[PDB]
Protein chains: 4
Amino acid sequence: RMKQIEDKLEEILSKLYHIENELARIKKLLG
Amino acid sequence: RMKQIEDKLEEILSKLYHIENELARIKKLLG
Amino acid sequence: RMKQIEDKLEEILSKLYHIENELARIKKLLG
Amino acid sequence: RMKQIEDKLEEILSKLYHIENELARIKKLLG
């Protein structure tokens with residue numbers, strides 16, 4: 001339950017990693 | 001006390017899925 | 001120590017709320 | 001698990017702060 005809990009949070013922690021990658025493109029796209 | 005925990009998680013999940021495509025959209029909007 | 005966890009998932013939850021808005025605003029501001 | 005969960009949540013906290021911060025900017029540029 002708990003290891004399943006900390007697993008979803010490693011998940012959440014990566015998508016979040018992806019969104020900054022993307023505000024990283026946007027910035028390009030916008031000068 | 002605890003189903004709540006994994007219930008808010010699927011929900012934090014769902015959001016980031018929303019955000020996912022919003023950025024997709026934003027990327028598109030921009031190029 | 002388990003109400004702690006939840007009250008954080010909520011403060012995460014909420015920031016995911018505002019995030020949705022920044023991007024729907026960014027979204028309109030170009031389209 | 002206890003320390004470990006609350007080693008990640010506050011890494012997601014921190015991260016929401018900066019993705020949020022990053023969007024403030026996207027605003028100000030965009031108008």
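Atom set for the values below is all heavy atoms of this structure, side chains included, hydrogens, waters and symmetry mates excluded. To find a chain, count down the sequence lines: A is the first, B the second, and so on, and within it residues start at 1.
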### Message
Does D:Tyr17, at its OH atom, have more than 12 non-hydrogen atoms belonging to other residues, nucleotides or ligands within less than 6.0 Å?
### Response
yes

## Note on the structure
Sequence neighbours excluded, the answer for side-chain contact (heavy atoms from CB on, under 4.5 Å) partners of A:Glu11 is A:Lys8, A:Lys15, B:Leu13

### Task
Kindly compute the distance separating CG (A:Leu9) from CG (D:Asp7), expressed to the nearest 0.5 Å.
11.0 Å

### Message
So, taking the atom named CG in D:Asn21 and the one named CD in A:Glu20, what distance separates them when rounded to the nearest 0.5 Å?
### Response
9.5 Å

### Task
Would you name the heavy atoms of A:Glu6 and D:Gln4 that are closest together and state the gap between them?
OE2-O, 2.9 Å

### Task
Using a heavy-atom cutoff of under 4.5 Å, enumerate the residues of residues 23-30 of chain A that contact chain D, numbered in order, or state 'none'.
A:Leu23, A:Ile26, A:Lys27, A:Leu30

